[PDB]
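> sequence? don't have it. structure:
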RNA sequence: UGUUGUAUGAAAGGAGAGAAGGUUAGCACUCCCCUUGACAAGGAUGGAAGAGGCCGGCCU
Ligand SMILES: O=P(O)(O)O[C@H]1[C@H](OP(=O)(O)O)[C@@H](OP(=O)(O)O)[C@H](OP(=O)(O)O)[C@@H](OP(=O)(O)O)[C@H]1OP(=O)(O)O
Ligand SMILES: [K+]
Ligand SMILES: [K+]
Ligand SMILES: [Mg+2]
Ligand SMILES: [Mg+2]
Ligand SMILES: [Zn+2]
Ligand SMILES: [Zn+2]
Ligand SMILES: [Zn+2]
């Protein structure tokens, strides 16, 4: 069979309910444990709720996860930006990958993005920590069907209605208050 | 040339042997009776004072050989265009034109 | 193969006869399963060569010259688009768009795009994936608005030319692939075998789309221009000429289809309930029943299965004209169970319209046999 | 060599073989 | 005889506005060029001559780019029917369609024409 | 909207495709080899018995004789063949360029004159972005006083001039300004 | 990395070596490029030996990642050693190799008919890989001197330059 | 087992610190196979033990 | 606080592949290389020169 899975297996799964619809994200918890732990803990405490997908570059990315909506504000669970972590089997070559956004090296916040196609130049610059699977990837694509105004802003941005941890790979996440 | 430019072509003095679609036979009307050669001389021939003066290719600047042509044979073959007007007569995306 | 007209430079060997020989026996010279380690694909085609036979390569490149493989692909995509455009109201298609096909698509055998998109007016109940030749499809499975169609071409050979099975395999590989770009979860893949002139499809069907594709593919394989140029180039490569002055009088499409890969059985049961009238002393005419028969005929092998119905079955019953029809369906189911699996039919053609209903009821173990009624009953 | 030719309905040969329509010939006989 | 019948009924398909079918025929007759019997090849060429006249050079399928370099080795054929029908086809392309070939091609095809004078 | 099934398991095969078979050929049970195996078994069964004349299949009937091969070969399921592109076109270069070959019928390359692009050339043009980019560009082939159009008024021959300026221009010269055409006094709104 | 560096020193940028050690051109070649990019039996012999080694190591990789069972590893290894002719293509360079290949096939019959006895039916599950593995090891005992000599000549001709007087 | 275009795996990312699966081992009887039970499936099972093998 | 320390292949533009009529087959002598694991074989027969005397020139 000439079809090969190039990627290591996932472990752990997070549901996003959005105004585009539902999104299943399953996580690479061995390969990128910091960002996965971050993302699960922010989901368990409703950090992402009512955050918009503020930056959209069609055929490239859909950015999100800023509670201000500005494009400049994120708080990790570690009180500080955390490190990048790369894997040789995790490469930006397809749509439906979930990665952490940053401004520069070792600067990770709560912002993330979905990819919408091949992005070769994002390699070794952004931590890939999850992928979108099932039919819900088609819902993800509909996040990029927006009327995009200047500076890559939607007219009426889609937003996150809730989150849900379907399966938690870690055992010791204590959500903050 | 393209199809609208073929009225600008010159004709051979002798009539064509394949009569259909010819421009120089009596029946076509392009070979007319009682022609005065001095009156029809400057038609579709070079005239440096007249309207068809010695032209050069707009691309390569070498001299064309047909009156009223703006593109020399090689440049027109390679770009796929009519030698007189420059409208394209051929889609050359899949043709590696070889000048050899 | 002889000299094609009526009676009355450099030395070396000429490769015209050897290349003719190598084209003609090429499904067997180009066996794909003899040794299955390495393969070479030719440049603009989807022909695989197993082993380096260099007269065969010249034979094949002479056929697919001047980008014929792409040309065939685009001609079939154009023809299917013109089929669906005639049918926007009946299937409730809002629009039919042809995808801007990445130019190298039709001979790239690892991955595929979509070729046609259908956008719905409202929504289409979508069933689970099945073949083009299956029958009983339940439209409950999913619901959608987009629906893609993907055209595949292949060149088979002697060891491998099952086209239904190819269509299934390519569908399940491409739609479950991680690197796939399909616009929706639902669609169909259509596979055409140019070496053998076979075709099939596999995928999701929305209501009314399977019969449409069946007719469309039959018509397209019969009458495409680019396929005519392909078959014409093969015959010139082989220098094959026809002895016969015209096409056979019974050249109808239905007649031609009877001799495809699929098994087709004619069932004739008008003679099942058969009687004789004779004169009585009472003055009223009487009918005595006599033995009947069901005819099942396989045209390709010329096999007649004759089921002799003895009148003992009719003894104690009241309305006989239906019992015979019901019996006719049960006996046909019996014969299909009795035969080996490779003997069993794909289509059954019934001479009598009313026979069509019970038979389809009684064949439950065999849901994929279609039953229909032709125009050439005999 | 053994249709090679197009089929046309031939001229009624019952006048040749039997002298008239075969069914009529049985009727008289 | 079949190629002769195409050459007679080419005009009827123009009046019947069925250029798609005649276009298809031109594509079919292009594969019959490799004929080895000169009588058949001359009629294939005659049929082609008629289709070029009826549809025109710029809508012709196979394009004149494909048809003219196919025709230049057919020039060598010494049979008179082939030469006659090929030279007319070549000479008609030479004026109405000269941008479909390179100048080196017209030069070598020009050289070839010196054998047509015998 | 596609909704999630909400399962905890990951999607895909659990062994990550480490055992993915080749399923492009016909099924093992319906295969030519398997059919042959059934026929051999049925002939073993009928070996000692009488001819009973019942139908068992088109292939396998009573053969009175004691018990590669004819058929298609079945292919290995788990072996994935390695494919490479044959980019060598095998065209006669002389025949393609000039239409003349010194080998004739002995030439062992293709006598074909078409010059379409190769597959890798199409791919390089698609990568570089230069596939069809040239369709965009085609090769098709007052002001005396420089003031406002104070009565833009015409002559015989399209030369739209100002009114009192061109009356003074006629005072200067009796012909036009644009191409020195004979106006003959004719001067129109 | 060794074979890829050899390809890069020679300016053979139109040949690509993939990670399963197949050498393949990326475009059509001129006559000059076909003459210059032809490699000899030393290169290819070494390349096919490395291809076999990668097939063996990747099976163990698949086991250590968890994707296969230990039984599937043993069956996969014995499949590898009985089918080097289909998996590599080593025989084209040295055909004397066929002797090993034939022998491996002969061991399979010997083992298979002894393994598949009784309730055990014909099918793909036999994993007794010591015999096939043993045969190749002896092949490698003989071919190591040869390739060290041949590859020393390839490297000497690459670094010292071609030697002008000859033999 | 892996694709042509996939580069060979890194040990540190993939294989290091994952538990191996069970190997093929036939269960031994603690009564009947007492003498051979302790070291049967070790690598160089009697290597360290002085009284059975000469040494390392 | 730089520079001629060189070569291969490709593209574009040019030249054009031995045989005292034409079409060609090769194997070598010297010294200049290329592919090659070569004491093999190829690279247009791999390419390039090929009578004597005197000071590129002159004589037989
Ligand atoms: O019994 P299996 O484990 O399924 O082995 C089969 C089968 O072996 P047997 O029929 O001898 O039991 C094939 O034999 P044939 O069907 O061709 O007679 C044999 O072919 P060889 O005898 O040539 O080995 C084939 O091997 P292969 O797949 O290479 O054709 C081999 O399968 P494996 O050896 O691959 O397990
Ligand atoms: K020499
Ligand atoms: K020679
Ligand atoms: Mg030599
Ligand atoms: Mg030679
Ligand atoms: Zn020019
Ligand atoms: Zn024009
Ligand atoms: Zn040739």
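Cool, the structure landed. Numbers count the residues shown, from 1 in each chain, chains lettered A, B, ... in the order given. Ligands and ions are numbered 1, 2, ... in the order given.
> list the contacts for the residue of chain H found nearest ligand 7?
Going by CB to the ion, ligand 7 is nearest to residue H:5 of chain H, at 49.1 Å. C-beta coordinates here come from the backbone N, C-alpha and C atoms, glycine included. Under the criterion of CB atoms under 8 Å, 6 or more residues apart in numbering or on different chains, the neighbours of residue H:5 are G:18-19.
> which phi and psi does residue C:151 have?
Per-residue torsions, residue C:151: phi -110, psi 130 (degrees, to the nearest 10).
> the residue lying closest to residue A:142 once chain neighbours are set aside: which element?
Nearest non-adjacent residue to residue A:142, counting by CB to CB, 6 or more residues apart in numbering or on different chains: residue A:20, 4.5 Å away. Using DSSP states H and E, residue A:20 maps to neither a helix nor a strand.
> ok, residue A:20 touching residue A:139?
Yes. Residue A:20 is in contact with residue A:139 according to CB atoms under 8 Å; the separation is 5.2 Å.
> just give me how far stretch E:100-117 sits from the chain centre.
16 Å (CA atoms, centre = their mean, to the nearest Å).
> helix/strand/coil for residue C:323?
Here residue C:323 is helix, with the state taken from DSSP: H, G, I helix; E, B strand; the rest coil.
> which residue packs closest to it, ignoring adjacent ones?
Nearest residue to residue C:323, sequence neighbours excluded (CB to CB, 6+ apart): residue C:317, at 5.4 Å.
> what strand or helix carries the one you found?
For residue C:317, there is no enclosing helix or strand under DSSP H and E.
> that one touches residue C:327, doesn't it?
No. With contact defined as CB under 8 Å, residue C:317 does not count as touching residue C:327 (10.3 Å).
> between these two, which one's more packed in?
A direct count of neighbours by other CB atoms under 10 Å in any protein chain shown for residue C:317 and residue C:327 places residue C:327 higher, at 20 against 10.
> that's a helix at the more buried one, yeah?
Yes. With three-state DSSP as the criterion, residue C:327 is part of a helix.
> ramachandran angles for the nearest residue to it once chain neighbours are set aside?
Excluding the flanking residues, the one nearest residue C:327 by CB to CB, 6+ apart is residue C:313, at 6.6 Å. Dihedral pair for residue C:313: phi -70, psi -30, per degrees, to the nearest 10.
> for residue C:296, same thing?
Dihedral angles (degrees, to the nearest 10) for residue C:296: phi -120, psi 130.
> next, count neighbours for it.
Neighbours around residue C:296, by other CB under 10 Å: 20.
> same check, this time on residue F:50
When neighbours are counted by other CB under 10 Å, residue F:50 comes out with 7.
> over to the one 5 residues further on?
When neighbours are counted by other CB under 10 Å, residue F:55 registers 13.
> ok, now the one 3 residues further on?
By other CB under 10 Å, 13 other residues sit near residue F:58.
> repeat that for the one 10 residues further on.
With neighbours defined by other CB under 10 Å, the count for residue F:68 comes to 5.
> so it: helix, strand or coil?
When classified by three-state DSSP, residue F:68 comes out as coil.
> that one and residue C:36: what is the separation?
Using CB to CB, to the nearest Å, residue F:68 is found at 15 Å from residue C:36.
> and the residue of chain E at minimum distance from chain A, how close does it get to residue A:153?
Closest residue of chain E to chain A, CB to the nearest CB: residue E:31 (34.9 Å). Separation of residue E:31 from residue A:153 (CB to CB): 58 Å.
> same question, residue A:166
When distances are taken as CB to CB, residue A:166 and residue A:153 turn out to be 32 Å apart.
> hmm, what's the outermost residue in chain F?
residue F:171 (69.6 Å; CA atoms, centre = their mean).
> following the longest helix along chain A, which helix or strand shows up next?
Ordering each helix of chain A by length in residues (DSSP state H) puts helix A:33-44 first. Toward the C-terminal end, the helix or strand that comes next after helix A:33-44 (DSSP H and E) is strand A:55-57.
> list of residues touching the very next helix or strand once past that following strand?
Beyond strand A:55-57 on the C-terminal side, the first helix or strand identified by DSSP H and E is strand A:61-64. Strand A:61-64 is contacted by residues A:51-56, A:71, A:101, A:111-116, A:119, A:140, A:143-144, A:160 when judged by CB under 8 Å, 6+ apart.
> which of these are buried?
Buried by 16 or more other CB atoms under 10 Å in any protein chain shown: A:51-56, A:101, A:111-116, A:119, A:140, A:143-144, A:160, out of the contacts of strand A:61-64.
> residues near whichever residue of chain B sits closest to ligand 1, how many?
Nearest residue of chain B to ligand 1: residue B:94, at 43.5 Å (CB to the nearest ligand atom). Applying other CB under 10 Å, we find 17 residues neighbouring residue B:94.
> my guess is it contacts residue F:119. True?
No. Applying CB under 8 Å, one finds residue B:94 not in contact with residue F:119, separated by 11.1 Å.
> tally of neighbours for the residue of chain G found nearest chain C?
Closest to chain C within chain G is residue G:86: 4.1 Å, counting by CB to the nearest CB. By the criterion of other CB under 10 Å, residue G:86 has 16 neighbours.
> picking up where we left off before, any idea which element the residue of chain H closest to ligand 7 lies in?
Counting by DSSP H and E, residue H:5 is part of no helix or strand.
> could you measure from it over to chain B?
Distance, residue H:5 to chain B, by CB to the nearest CB, to the nearest Å: 28 Å.
> where's that residue relative to residue C:355, distance?
For residue H:5, the distance to residue C:355 - CB to CB - is 58 Å.
> name the SS class of residue E:109, please.
helix.
> any idea what sits nearest it, other than its immediate chain neighbours?
residue E:72 (5.2 Å).
> again with residue F:55
residue F:61 (7.6 Å).
> am I right that the one you found sits in a helix?
No. Residue F:61 is assigned coil when assessed by three-state DSSP, not a helix.
> how close does residue F:4 sit to residue C:127?
21 Å.
> next up, the contacts around the residue nearest to residue A:93 when sequence neighbours are not counted.
Closest residue in space to residue A:93, ignoring its immediate chain neighbours: residue A:118 at 5.5 Å, by CB to CB, 6+ apart. With contact set as CB under 8 Å, 6+ apart, residue A:118 has these partners: A:92-94.
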